[PDB]
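Input: a single structure, listed below in structure tokens.
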Amino acid sequence: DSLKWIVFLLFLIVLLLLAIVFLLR
Amino acid sequence: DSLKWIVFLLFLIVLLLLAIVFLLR
Amino acid sequence: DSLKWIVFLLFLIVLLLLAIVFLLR
Amino acid sequence: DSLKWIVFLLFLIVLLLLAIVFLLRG
Amino acid sequence: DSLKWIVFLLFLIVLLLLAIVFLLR
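Line by line, the protein sequences are chains C, D, E, A and B.
As numbered in the authors' numbering, the first sequence has no gaps in its residue numbers, which increase by one up to the final residue, 25.
As numbered in the authors' numbering, the second sequence has no gaps in its residue numbers, which increase by one up to the final residue, 25.
As numbered in the authors' numbering, the third sequence has no gaps in its residue numbers, which increase by one up to the final residue, 25.
As numbered in the authors' numbering, the fourth sequence has no gaps in its residue numbers, which increase by one up to the final residue, 26.
As numbered in the authors' numbering, the fifth sequence has no gaps in its residue numbers, which increase by one up to the final residue, 25.
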């Protein structure tokens, strides 16, 4: 489903932003 | 429904971006 | 509604990304 | 509509992330 | 299709965040 695609991509984005947050510090 | 998950993940993304802003500042 | 809150959060995300670009410039 | 607003915001986000990439690369 | 545009833009965002992480490391 399109909304499930959106949720999965947003979860990937959350993971990548967490990685960036911990790469900065 | 997945609108709730979308809003939850967008909220997480806002929090992570604000964290990045404070880390850069 | 959920759509309005999604738009609001994406607007916040754009603002935070502008803050990031400004801090990086 | 709200879907077009979301598309505009996501496109601006893509452009800003491209700006960040172009800033970090060189 | 608007949802297709949303999914594709989020996929591009995932790719760009991947590139950002790769440049940060």
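Every residue, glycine too, gets a C-beta built ideally from N, C-alpha and C.
Supposed contact pair residue j and residue i - C-beta distance, whole angstroms, cut 8 angstroms
{"i": "residue 13 of chain A", "j": "residue 20 of chain E", "result": "The pair is not a contact, with the Cβ atoms about 11 angstroms apart (cut-off 8 angstroms)."}
{"i": "residue 15 of chain B", "j": "residue 10 of chain A", "result": "So it is not a contact: roughly 13 angstroms between Cβ atoms."}
{"i": "residue 17 of chain C", "j": "residue 17 of chain B", "result": "7 angstroms"}
Burial state of residue i (16 or more Cβ within 10 Å)
{"i": "residue 24 of chain D", "result": "exposed"}
For residue i, three-class secondary structure by DSSP
{"i": "residue 25 of chain A", "result": "helix"}
{"i": "residue 27 of chain D", "result": "Nothing can be reported for residue 27 of chain D, as the shown portion of chain D is limited to 1 through 25."}
heavy atom of the ligand SAM below 7 angstroms from residue i C-beta
{"i": "residue 8 of chain B", "result": "With respect to the ligand SAM, the structure shown offers nothing to examine, as it has no ligands at all."}
Checklist entry - Along the stretch 11–22 of chain D, what residues have a CB closer than 7 angstroms to any CB found in chain E? => result 11, 13, 14, 17, 18, 20, 21
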